[PDB]
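J.: What follows is coords_34.cif, made up of mmCIF, C-alpha atoms and all ligand atoms:
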data_protein
#
loop_
_atom_site.group_PDB
_atom_site.id
_atom_site.type_symbol
_atom_site.label_atom_id
_atom_site.label_comp_id
_atom_site.auth_asym_id
_atom_site.auth_seq_id
_atom_site.Cartn_x
_atom_site.Cartn_y
_atom_site.Cartn_z
ATOM 1 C CA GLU A 1 -17.972 -14.086 21.320
ATOM 2 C CA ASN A 2 -14.417 -13.423 20.077
ATOM 3 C CA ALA A 3 -14.185 -10.499 22.465
ATOM 4 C CA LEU A 4 -10.364 -10.302 22.412
ATOM 5 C CA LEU A 5 -10.210 -10.157 18.600
ATOM 6 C CA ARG A 6 -13.014 -7.597 18.385
ATOM 7 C CA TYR A 7 -11.095 -5.410 20.817
ATOM 8 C CA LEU A 8 -7.999 -5.912 18.586
ATOM 9 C CA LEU A 9 -10.032 -5.076 15.475
ATOM 10 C CA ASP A 10 -11.326 -1.730 16.727
ATOM 11 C CA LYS A 11 -8.369 0.417 17.942
ATOM 12 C CA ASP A 12 -5.848 -2.306 18.930
ATOM 13 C CA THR B 240 6.348 -8.120 -18.521
ATOM 14 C CA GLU B 241 2.826 -6.664 -18.335
ATOM 15 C CA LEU B 242 1.347 -5.280 -15.064
ATOM 16 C CA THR B 243 -1.120 -2.407 -15.319
ATOM 17 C CA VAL B 244 -0.970 0.755 -13.227
ATOM 18 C CA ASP B 245 -3.993 -0.181 -11.137
ATOM 19 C CA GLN B 246 -2.212 -3.458 -10.307
ATOM 20 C CA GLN B 247 1.317 -2.182 -9.541
ATOM 21 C CA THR B 248 -0.370 0.382 -7.303
ATOM 22 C CA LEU B 249 -2.200 -2.360 -5.389
ATOM 23 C CA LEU B 250 0.962 -4.507 -5.253
ATOM 24 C CA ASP B 251 3.011 -1.508 -4.163
ATOM 25 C CA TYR B 252 0.448 -0.585 -1.552
ATOM 26 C CA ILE B 253 0.159 -4.203 -0.267
ATOM 27 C CA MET B 254 3.948 -4.723 -0.225
ATOM 28 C CA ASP B 255 4.206 -1.501 1.807
ATOM 29 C CA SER B 256 1.576 -2.699 4.230
ATOM 30 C CA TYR B 257 3.194 -6.132 4.379
ATOM 31 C CA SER B 258 6.533 -5.028 5.775
ATOM 32 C CA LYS B 259 5.349 -2.430 8.304
ATOM 33 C CA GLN B 260 4.546 -3.899 11.741
ATOM 34 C CA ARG B 261 7.141 -6.701 12.006
ATOM 35 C CA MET B 262 7.989 -8.841 15.071
ATOM 36 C CA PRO B 263 9.266 -6.873 18.091
ATOM 37 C CA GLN B 264 12.997 -7.245 18.751
ATOM 38 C CA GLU B 265 12.409 -8.456 22.323
ATOM 39 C CA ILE B 266 10.376 -11.561 21.464
ATOM 40 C CA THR B 267 12.631 -12.205 18.457
ATOM 41 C CA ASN B 268 16.155 -12.534 19.874
ATOM 42 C CA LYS B 269 14.427 -14.352 22.749
ATOM 43 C CA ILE B 270 15.150 -17.520 20.736
ATOM 44 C CA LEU B 271 18.820 -16.651 20.282
ATOM 45 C CA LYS B 272 19.497 -15.946 23.970
ATOM 46 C CA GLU B 273 17.632 -17.757 26.766
ATOM 47 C CA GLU B 274 17.720 -21.525 26.354
ATOM 48 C CA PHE B 275 15.911 -24.714 25.362
ATOM 49 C CA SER B 276 13.355 -26.238 27.743
ATOM 50 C CA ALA B 277 10.341 -27.971 26.247
ATOM 51 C CA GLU B 278 8.361 -25.625 28.474
ATOM 52 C CA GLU B 279 10.410 -22.523 27.656
ATOM 53 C CA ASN B 280 10.345 -23.226 23.932
ATOM 54 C CA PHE B 281 6.564 -23.622 24.157
ATOM 55 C CA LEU B 282 6.336 -20.267 25.910
ATOM 56 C CA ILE B 283 8.552 -18.563 23.331
ATOM 57 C CA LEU B 284 6.811 -20.062 20.317
ATOM 58 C CA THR B 285 3.406 -19.518 21.974
ATOM 59 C CA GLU B 286 4.404 -15.877 22.674
ATOM 60 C CA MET B 287 5.422 -15.140 19.079
ATOM 61 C CA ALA B 288 2.275 -16.702 17.674
ATOM 62 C CA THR B 289 0.363 -14.328 19.944
ATOM 63 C CA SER B 290 2.383 -11.479 18.426
ATOM 64 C CA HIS B 291 2.030 -12.549 14.807
ATOM 65 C CA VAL B 292 -1.684 -12.576 15.449
ATOM 66 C CA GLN B 293 -1.563 -8.925 16.457
ATOM 67 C CA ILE B 294 0.503 -7.899 13.415
ATOM 68 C CA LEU B 295 -1.751 -9.789 11.026
ATOM 69 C CA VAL B 296 -4.858 -8.153 12.457
ATOM 70 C CA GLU B 297 -3.274 -4.822 11.607
ATOM 71 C CA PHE B 298 -2.375 -5.775 8.026
ATOM 72 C CA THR B 299 -5.909 -6.992 7.330
ATOM 73 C CA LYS B 300 -7.263 -3.755 8.825
ATOM 74 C CA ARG B 301 -5.342 -1.717 6.286
ATOM 75 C CA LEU B 302 -6.060 -3.848 3.240
ATOM 76 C CA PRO B 303 -8.053 -1.945 0.617
ATOM 77 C CA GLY B 304 -11.770 -2.097 1.190
ATOM 78 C CA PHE B 305 -11.490 -4.050 4.434
ATOM 79 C CA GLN B 306 -13.063 -1.536 6.835
ATOM 80 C CA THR B 307 -15.817 -1.273 4.237
ATOM 81 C CA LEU B 308 -17.066 -4.772 5.015
ATOM 82 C CA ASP B 309 -19.802 -5.620 7.566
ATOM 83 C CA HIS B 310 -18.257 -5.601 11.041
ATOM 84 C CA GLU B 311 -19.150 -9.222 11.739
ATOM 85 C CA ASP B 312 -17.739 -10.394 8.390
ATOM 86 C CA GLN B 313 -14.499 -8.614 9.314
ATOM 87 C CA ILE B 314 -14.133 -10.707 12.461
ATOM 88 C CA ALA B 315 -15.120 -13.803 10.571
ATOM 89 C CA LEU B 316 -12.427 -13.297 7.984
ATOM 90 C CA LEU B 317 -9.854 -12.819 10.748
ATOM 91 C CA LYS B 318 -11.120 -15.667 12.888
ATOM 92 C CA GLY B 319 -11.177 -17.534 9.601
ATOM 93 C CA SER B 320 -7.679 -16.767 8.376
ATOM 94 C CA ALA B 321 -5.551 -16.460 11.547
ATOM 95 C CA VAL B 322 -4.054 -19.948 11.355
ATOM 96 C CA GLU B 323 -3.598 -20.338 7.610
ATOM 97 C CA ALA B 324 -1.938 -16.892 7.516
ATOM 98 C CA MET B 325 0.502 -18.110 10.179
ATOM 99 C CA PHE B 326 1.114 -21.181 8.068
ATOM 100 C CA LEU B 327 2.086 -19.007 5.071
ATOM 101 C CA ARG B 328 4.240 -16.825 7.313
ATOM 102 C CA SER B 329 5.682 -20.017 8.743
ATOM 103 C CA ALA B 330 6.311 -21.079 5.172
ATOM 104 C CA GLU B 331 7.940 -17.774 4.222
ATOM 105 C CA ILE B 332 10.218 -17.771 7.261
ATOM 106 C CA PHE B 333 11.586 -21.328 6.974
ATOM 107 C CA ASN B 334 12.321 -22.057 3.326
ATOM 108 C CA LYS B 335 14.121 -19.541 1.114
ATOM 109 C CA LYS B 336 17.270 -17.521 1.700
ATOM 110 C CA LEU B 337 19.059 -18.488 4.895
ATOM 111 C CA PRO B 338 20.153 -15.164 6.448
ATOM 112 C CA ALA B 339 22.600 -17.363 8.395
ATOM 113 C CA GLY B 340 20.835 -16.260 11.573
ATOM 114 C CA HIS B 341 17.966 -17.100 13.912
ATOM 115 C CA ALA B 342 15.386 -19.064 11.945
ATOM 116 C CA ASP B 343 17.370 -22.262 11.545
ATOM 117 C CA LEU B 344 17.468 -22.024 15.320
ATOM 118 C CA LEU B 345 13.724 -21.424 15.500
ATOM 119 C CA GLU B 346 13.241 -24.883 14.012
ATOM 120 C CA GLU B 347 15.146 -26.441 16.905
ATOM 121 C CA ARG B 348 12.783 -24.805 19.397
ATOM 122 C CA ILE B 349 9.801 -26.207 17.500
ATOM 123 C CA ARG B 350 11.514 -29.594 17.350
ATOM 124 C CA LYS B 351 10.915 -30.907 20.877
ATOM 125 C CA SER B 352 8.608 -28.310 22.416
ATOM 126 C CA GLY B 353 5.793 -30.679 23.319
ATOM 127 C CA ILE B 354 4.796 -31.078 19.682
ATOM 128 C CA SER B 355 4.488 -34.677 18.418
ATOM 129 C CA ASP B 356 7.153 -35.534 15.809
ATOM 130 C CA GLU B 357 4.249 -36.978 13.840
ATOM 131 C CA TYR B 358 2.905 -33.484 13.085
ATOM 132 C CA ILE B 359 6.178 -31.589 12.605
ATOM 133 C CA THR B 360 7.234 -34.054 9.877
ATOM 134 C CA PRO B 361 4.347 -33.579 7.418
ATOM 135 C CA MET B 362 4.050 -29.894 8.298
ATOM 136 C CA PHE B 363 7.746 -29.301 7.659
ATOM 137 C CA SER B 364 7.151 -31.271 4.461
ATOM 138 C CA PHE B 365 4.435 -28.881 3.264
ATOM 139 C CA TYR B 366 6.671 -25.882 3.954
ATOM 140 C CA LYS B 367 9.448 -27.576 2.016
ATOM 141 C CA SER B 368 6.945 -28.008 -0.830
ATOM 142 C CA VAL B 369 5.861 -24.364 -1.080
ATOM 143 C CA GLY B 370 9.594 -23.836 -0.886
ATOM 144 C CA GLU B 371 9.895 -25.775 -4.126
ATOM 145 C CA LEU B 372 7.802 -23.004 -5.674
ATOM 146 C CA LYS B 373 10.535 -20.476 -4.887
ATOM 147 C CA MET B 374 8.173 -17.598 -4.183
ATOM 148 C CA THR B 375 8.849 -13.935 -3.562
ATOM 149 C CA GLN B 376 7.733 -11.508 -0.866
ATOM 150 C CA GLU B 377 5.014 -10.310 -3.282
ATOM 151 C CA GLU B 378 3.494 -13.761 -3.688
ATOM 152 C CA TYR B 379 3.564 -14.324 0.092
ATOM 153 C CA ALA B 380 2.045 -10.863 0.639
ATOM 154 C CA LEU B 381 -0.653 -11.581 -1.978
ATOM 155 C CA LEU B 382 -1.222 -15.159 -0.843
ATOM 156 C CA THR B 383 -1.692 -13.885 2.689
ATOM 157 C CA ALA B 384 -3.709 -11.034 1.295
ATOM 158 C CA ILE B 385 -6.054 -13.242 -0.754
ATOM 159 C CA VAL B 386 -6.280 -15.818 2.030
ATOM 160 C CA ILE B 387 -7.466 -13.261 4.547
ATOM 161 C CA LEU B 388 -9.926 -12.322 1.799
ATOM 162 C CA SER B 389 -11.793 -15.621 1.387
ATOM 163 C CA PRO B 390 -15.547 -15.358 0.713
ATOM 164 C CA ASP B 391 -15.849 -19.068 1.391
ATOM 165 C CA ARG B 392 -15.378 -18.671 5.135
ATOM 166 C CA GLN B 393 -17.909 -20.297 7.454
ATOM 167 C CA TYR B 394 -20.025 -17.290 8.497
ATOM 168 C CA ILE B 395 -19.727 -14.216 6.248
ATOM 169 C CA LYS B 396 -23.234 -12.947 5.361
ATOM 170 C CA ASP B 397 -22.218 -11.208 2.132
ATOM 171 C CA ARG B 398 -19.726 -13.090 -0.006
ATOM 172 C CA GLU B 399 -19.984 -10.921 -3.080
ATOM 173 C CA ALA B 400 -18.577 -7.947 -1.159
ATOM 174 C CA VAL B 401 -15.571 -9.988 -0.150
ATOM 175 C CA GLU B 402 -14.908 -11.367 -3.601
ATOM 176 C CA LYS B 403 -14.728 -7.874 -5.139
ATOM 177 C CA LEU B 404 -11.773 -7.198 -2.876
ATOM 178 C CA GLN B 405 -10.337 -10.665 -3.475
ATOM 179 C CA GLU B 406 -10.376 -10.859 -7.280
ATOM 180 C CA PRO B 407 -8.022 -7.893 -7.819
ATOM 181 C CA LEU B 408 -5.431 -9.455 -5.543
ATOM 182 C CA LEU B 409 -6.051 -12.741 -7.321
ATOM 183 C CA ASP B 410 -5.606 -11.150 -10.768
ATOM 184 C CA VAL B 411 -2.353 -9.559 -9.589
ATOM 185 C CA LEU B 412 -0.883 -12.821 -8.322
ATOM 186 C CA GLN B 413 -1.781 -14.570 -11.576
ATOM 187 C CA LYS B 414 -0.244 -12.089 -14.001
ATOM 188 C CA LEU B 415 2.553 -11.838 -11.419
ATOM 189 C CA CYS B 416 3.008 -15.595 -11.930
ATOM 190 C CA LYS B 417 3.506 -15.568 -15.695
ATOM 191 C CA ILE B 418 6.134 -12.894 -15.272
ATOM 192 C CA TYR B 419 8.348 -14.416 -12.557
ATOM 193 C CA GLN B 420 7.858 -18.043 -13.590
ATOM 194 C CA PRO B 421 6.519 -18.513 -17.162
ATOM 195 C CA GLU B 422 8.556 -21.665 -17.830
ATOM 196 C CA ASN B 423 5.532 -23.776 -16.924
ATOM 197 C CA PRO B 424 3.104 -22.224 -15.665
ATOM 198 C CA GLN B 425 0.381 -24.078 -13.712
ATOM 199 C CA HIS B 426 2.244 -22.284 -10.927
ATOM 200 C CA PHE B 427 -0.764 -20.054 -10.362
ATOM 201 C CA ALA B 428 -2.967 -23.138 -10.104
ATOM 202 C CA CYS B 429 -0.440 -24.910 -7.939
ATOM 203 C CA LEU B 430 -0.472 -21.980 -5.545
ATOM 204 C CA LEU B 431 -4.247 -21.738 -5.313
ATOM 205 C CA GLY B 432 -3.685 -25.405 -4.541
ATOM 206 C CA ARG B 433 -1.533 -25.020 -1.437
ATOM 207 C CA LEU B 434 -4.250 -22.654 -0.316
ATOM 208 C CA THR B 435 -6.846 -25.463 -0.407
ATOM 209 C CA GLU B 436 -4.144 -27.621 1.136
ATOM 210 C CA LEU B 437 -3.350 -25.541 4.256
ATOM 211 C CA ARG B 438 -7.079 -25.425 4.789
ATOM 212 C CA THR B 439 -6.988 -29.164 5.803
ATOM 213 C CA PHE B 440 -3.846 -28.292 7.773
ATOM 214 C CA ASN B 441 -5.966 -25.936 9.877
ATOM 215 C CA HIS B 442 -7.848 -29.154 10.678
ATOM 216 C CA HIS B 443 -4.867 -31.162 11.919
ATOM 217 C CA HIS B 444 -3.943 -27.981 13.802
ATOM 218 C CA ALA B 445 -6.993 -27.769 16.120
ATOM 219 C CA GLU B 446 -6.656 -31.480 16.888
ATOM 220 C CA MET B 447 -2.948 -31.459 17.647
ATOM 221 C CA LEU B 448 -3.791 -28.601 20.015
ATOM 222 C CA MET B 449 -5.846 -30.606 22.462
ATOM 223 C CA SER B 450 -2.771 -32.839 22.733
ATOM 224 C CA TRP B 451 -0.348 -29.966 23.300
ATOM 225 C CA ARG B 452 0.777 -30.689 26.401
ATOM 226 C CA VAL B 453 3.783 -29.274 28.219
ATOM 227 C CA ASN B 454 3.737 -29.700 31.989
ATOM 228 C CA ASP B 455 0.549 -27.640 32.380
ATOM 229 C CA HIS B 456 1.383 -24.273 30.805
ATOM 230 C CA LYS B 457 -1.464 -22.423 29.150
ATOM 231 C CA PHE B 458 -1.960 -20.516 25.902
ATOM 232 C CA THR B 459 -2.111 -16.701 25.967
ATOM 233 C CA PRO B 460 -5.774 -15.605 26.183
ATOM 234 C CA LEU B 461 -5.593 -14.426 22.555
ATOM 235 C CA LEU B 462 -4.540 -17.834 21.188
ATOM 236 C CA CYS B 463 -7.165 -19.422 23.384
ATOM 237 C CA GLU B 464 -9.696 -17.353 21.417
ATOM 238 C CA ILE B 465 -8.247 -17.511 17.905
ATOM 239 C CA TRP B 466 -7.038 -21.103 18.198
ATOM 240 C CA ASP B 467 -10.397 -21.918 19.816
ATOM 241 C CA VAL B 468 -8.771 -23.381 22.950
HETATM 242 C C1 LIG A 501 5.955 -27.430 13.248
HETATM 243 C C2 LIG A 501 5.554 -26.003 12.832
HETATM 244 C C3 LIG A 501 5.362 -25.010 13.904
HETATM 245 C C4 LIG A 501 5.596 -23.608 13.209
HETATM 246 O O1 LIG A 501 4.763 -23.418 12.008
HETATM 247 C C5 LIG A 501 5.372 -22.438 14.240
HETATM 248 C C6 LIG A 501 3.869 -22.522 14.916
HETATM 249 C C7 LIG A 501 3.697 -21.330 15.860
HETATM 250 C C8 LIG A 501 3.862 -19.910 15.165
HETATM 251 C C9 LIG A 501 5.299 -19.761 14.515
HETATM 252 C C10 LIG A 501 6.408 -19.709 15.727
HETATM 253 C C11 LIG A 501 5.512 -18.592 13.426
HETATM 254 C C12 LIG A 501 5.961 -17.154 14.007
HETATM 255 C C13 LIG A 501 4.817 -16.592 15.006
HETATM 256 C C14 LIG A 501 6.184 -16.135 12.891
HETATM 257 C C15 LIG A 501 6.634 -14.728 13.406
HETATM 258 C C16 LIG A 501 6.895 -13.690 12.383
HETATM 259 O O2 LIG A 501 5.956 -12.944 11.988
HETATM 260 O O3 LIG A 501 8.064 -13.622 11.952
HETATM 261 C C17 LIG A 501 6.587 -19.227 12.421
HETATM 262 C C18 LIG A 501 6.914 -20.640 12.872
HETATM 263 C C19 LIG A 501 5.520 -21.000 13.568
HETATM 264 C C20 LIG A 501 3.697 -24.007 15.698
HETATM 265 C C21 LIG A 501 4.643 -24.162 16.873
HETATM 266 C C22 LIG A 501 2.273 -24.180 16.404
HETATM 267 C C23 LIG A 501 1.074 -24.139 15.413
HETATM 268 C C24 LIG A 501 1.239 -25.308 14.340
HETATM 269 O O4 LIG A 501 0.165 -25.282 13.466
HETATM 270 C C25 LIG A 501 2.656 -25.170 13.520
HETATM 271 C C26 LIG A 501 3.914 -25.190 14.558
#
Any chance you could give the structure as structure tokens?
T.:
Amino acid sequence: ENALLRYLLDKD
Amino acid sequence: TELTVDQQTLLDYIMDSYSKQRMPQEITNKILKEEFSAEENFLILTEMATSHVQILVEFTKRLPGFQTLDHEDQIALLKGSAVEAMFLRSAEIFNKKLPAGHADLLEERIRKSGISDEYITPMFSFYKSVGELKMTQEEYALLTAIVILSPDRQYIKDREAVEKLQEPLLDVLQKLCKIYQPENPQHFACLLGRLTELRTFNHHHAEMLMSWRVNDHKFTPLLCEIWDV
């Protein structure tokens, strides 16, 4: 689900 | 001493992007002051790693063409490269030019921090090896750059689109090889080698994780997601 990374990808 | 304009641009852009973020002063000197402790060292090292991961994710977001790629593939490439990248960084930090400051000390923290001396010996061997190559910031920047841009990553749906962005970087490292170290070369092959190498090192890495422990401390939620668990 890599939710943390996704969040870091879009506006960190 | 070739190097076309399109290339020097790219290398100049990348080398700009490479030295922007940087590790926050707080977490850094945290190894100088504060002391030992297998559990403290783990926290420090595990903190940094969490940082490095943030930095990296910024660099790859401002790498030519990157935001152009399918959103999923973008993750993939990051999920995919996170460790290896850190290896290269790890490489860069350790070997080459001893600023006579905290770095030599960083090794002590690693040494005895809940990490089996059976993993820190071959690992620190690898780093010494890339060290034999006597690279430059540019090579590290490119290596990291090309590594994040691997089309042969487990889930990317469109590999062609990733290659396009990878080749250029690849062509710049190559011609950049002849120039700095023409005596041989093979050096450009050797490097692409270490890349294939650290890939099996990402394998020892996930294993050694499930056996790293330290009292009962946990890994920052980020690591738990980019280091799987
Ligand atoms: C035995 C080898 C150690 C060093 O390579 C350590 C990493 C953790 C991340 C670092 C602390 C890196 C740091 C985040 C770089 C920060 C920066 O950007 O300057 C450089 C040294 C790295 C260990 C413990 C944990 C992961 C393992 O695969 C390698 C370990």
J.: Set the cut-off to 7 Å, count all atoms listed in the file, and list whatever residues fall near ligand LIG 501 (chain A) as a count of residues only.
T.: 19
J.: Using all atoms listed in the file, find each residue in chain A having at least one atom no more than 8 Å away from chain B; report its shortest atom-to-atom pair and that distance in Å (one decimal), rows by chain then rising number, as JSON lines.
T.:
{"residue": "A:2", "atom": "CA", "partner": "B:464", "partner_atom": "CA", "distance": 6.3}
{"residue": "A:4", "atom": "CA", "partner": "B:461", "partner_atom": "CA", "distance": 6.3}
{"residue": "A:5", "atom": "CA", "partner": "B:314", "partner_atom": "CA", "distance": 7.3}
{"residue": "A:6", "atom": "CA", "partner": "B:314", "partner_atom": "CA", "distance": 6.8}
{"residue": "A:8", "atom": "CA", "partner": "B:296", "partner_atom": "CA", "distance": 7.2}
{"residue": "A:9", "atom": "CA", "partner": "B:296", "partner_atom": "CA", "distance": 6.7}
J.: Rounded to one decimal place, report the CA of residue 453 (chain B)-CA of residue 351 (chain B) distance in Å.
T.: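 Value for the CA of residue 453 (chain B)-CA of residue 351 (chain B) distance: 10.4 Å.
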J.: What's the separation between CA of residue 391 (chain B) and CA of residue 440 (chain B), in Å to one decimal place?
T.: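 Answer for the CA of residue 391 (chain B) to CA of residue 440 (chain B) separation: 16.4 Å.
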J.: Starting from the displayed file, determine the output of the PyMOL selection byres (((chain B and resi 365-370) around 9) and not hetatm) and express the residue list as a JSON list (two decimals) with C-alpha atoms, keeping the file's coordinate frame.
T.:
[["chain", "number", "residue", "atom", "x", "y", "z"],
["B", 326, "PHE", "CA", 1.11, -21.18, 8.07],
["B", 327, "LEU", "CA", 2.09, -19.01, 5.07],
["B", 329, "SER", "CA", 5.68, -20.02, 8.74],
["B", 330, "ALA", "CA", 6.31, -21.08, 5.17],
["B", 331, "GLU", "CA", 7.94, -17.77, 4.22],
["B", 333, "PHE", "CA", 11.59, -21.33, 6.97],
["B", 334, "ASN", "CA", 12.32, -22.06, 3.33],
["B", 335, "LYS", "CA", 14.12, -19.54, 1.11],
["B", 360, "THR", "CA", 7.23, -34.05, 9.88],
["B", 361, "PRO", "CA", 4.35, -33.58, 7.42],
["B", 362, "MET", "CA", 4.05, -29.89, 8.30],
["B", 363, "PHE", "CA", 7.75, -29.30, 7.66],
["B", 364, "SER", "CA", 7.15, -31.27, 4.46],
["B", 371, "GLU", "CA", 9.90, -25.78, -4.13],
["B", 372, "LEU", "CA", 7.80, -23.00, -5.67],
["B", 373, "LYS", "CA", 10.54, -20.48, -4.89],
["B", 374, "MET", "CA", 8.17, -17.60, -4.18],
["B", 430, "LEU", "CA", -0.47, -21.98, -5.54],
["B", 433, "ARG", "CA", -1.53, -25.02, -1.44],
["B", 436, "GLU", "CA", -4.14, -27.62, 1.14],
["B", 437, "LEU", "CA", -3.35, -25.54, 4.26]]
J.: Could you add whatever atoms are missing so that chain A carries N, CA, C and O atoms, then write the result as an mmCIF file, in the coordinates of the input?
T.:
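See result-v6.cif below for the written result:
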data_model
loop_
_atom_site.group_PDB
_atom_site.id
_atom_site.type_symbol
_atom_site.label_atom_id
_atom_site.label_comp_id
_atom_site.auth_asym_id
_atom_site.auth_seq_id
_atom_site.Cartn_x
_atom_site.Cartn_y
_atom_site.Cartn_z
ATOM 1 N N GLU A 1 -17.839 -15.460 20.853
ATOM 2 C CA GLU A 1 -17.972 -14.086 21.320
ATOM 3 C C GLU A 1 -16.768 -13.275 20.848
ATOM 4 O O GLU A 1 -16.826 -12.042 20.763
ATOM 5 N N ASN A 2 -15.686 -13.995 20.532
ATOM 6 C CA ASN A 2 -14.417 -13.423 20.077
ATOM 7 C C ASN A 2 -14.140 -12.024 20.581
ATOM 8 O O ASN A 2 -13.695 -11.163 19.826
ATOM 9 N N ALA A 3 -14.380 -11.807 21.868
ATOM 10 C CA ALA A 3 -14.185 -10.499 22.465
ATOM 11 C C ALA A 3 -12.753 -9.950 22.369
ATOM 12 O O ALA A 3 -12.572 -8.749 22.165
ATOM 13 N N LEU A 4 -11.739 -10.799 22.508
ATOM 14 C CA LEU A 4 -10.364 -10.302 22.412
ATOM 15 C C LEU A 4 -10.090 -9.750 21.020
ATOM 16 O O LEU A 4 -9.590 -8.631 20.882
ATOM 17 N N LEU A 5 -10.414 -10.545 19.999
ATOM 18 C CA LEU A 5 -10.210 -10.157 18.600
ATOM 19 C C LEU A 5 -10.962 -8.867 18.255
ATOM 20 O O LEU A 5 -10.406 -7.965 17.631
ATOM 21 N N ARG A 6 -12.228 -8.783 18.660
ATOM 22 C CA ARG A 6 -13.014 -7.597 18.385
ATOM 23 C C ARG A 6 -12.255 -6.396 18.912
ATOM 24 O O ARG A 6 -12.034 -5.425 18.188
ATOM 25 N N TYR A 7 -11.857 -6.475 20.179
ATOM 26 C CA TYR A 7 -11.095 -5.410 20.817
ATOM 27 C C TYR A 7 -9.843 -5.107 19.963
ATOM 28 O O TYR A 7 -9.485 -3.944 19.790
ATOM 29 N N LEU A 8 -9.195 -6.136 19.412
ATOM 30 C CA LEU A 8 -7.999 -5.912 18.586
ATOM 31 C C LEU A 8 -8.345 -5.327 17.221
ATOM 32 O O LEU A 8 -7.513 -4.653 16.598
ATOM 33 N N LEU A 9 -9.569 -5.583 16.758
ATOM 34 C CA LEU A 9 -10.032 -5.076 15.475
ATOM 35 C C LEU A 9 -10.217 -3.581 15.603
ATOM 36 O O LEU A 9 -9.563 -2.814 14.896
ATOM 37 N N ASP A 10 -11.121 -3.161 16.483
ATOM 38 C CA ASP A 10 -11.326 -1.730 16.727
ATOM 39 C C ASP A 10 -10.018 -1.315 17.401
ATOM 40 O O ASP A 10 -9.339 -2.169 17.965
ATOM 41 N N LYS A 11 -9.632 -0.038 17.357
ATOM 42 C CA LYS A 11 -8.369 0.417 17.942
ATOM 43 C C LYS A 11 -7.643 -0.627 18.808
ATOM 44 O O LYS A 11 -8.007 -0.844 19.965
ATOM 45 N N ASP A 12 -6.627 -1.272 18.234
ATOM 46 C CA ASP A 12 -5.848 -2.306 18.930
ATOM 47 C C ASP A 12 -5.331 -1.842 20.289
ATOM 48 O O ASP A 12 -5.168 -2.701 21.180
#
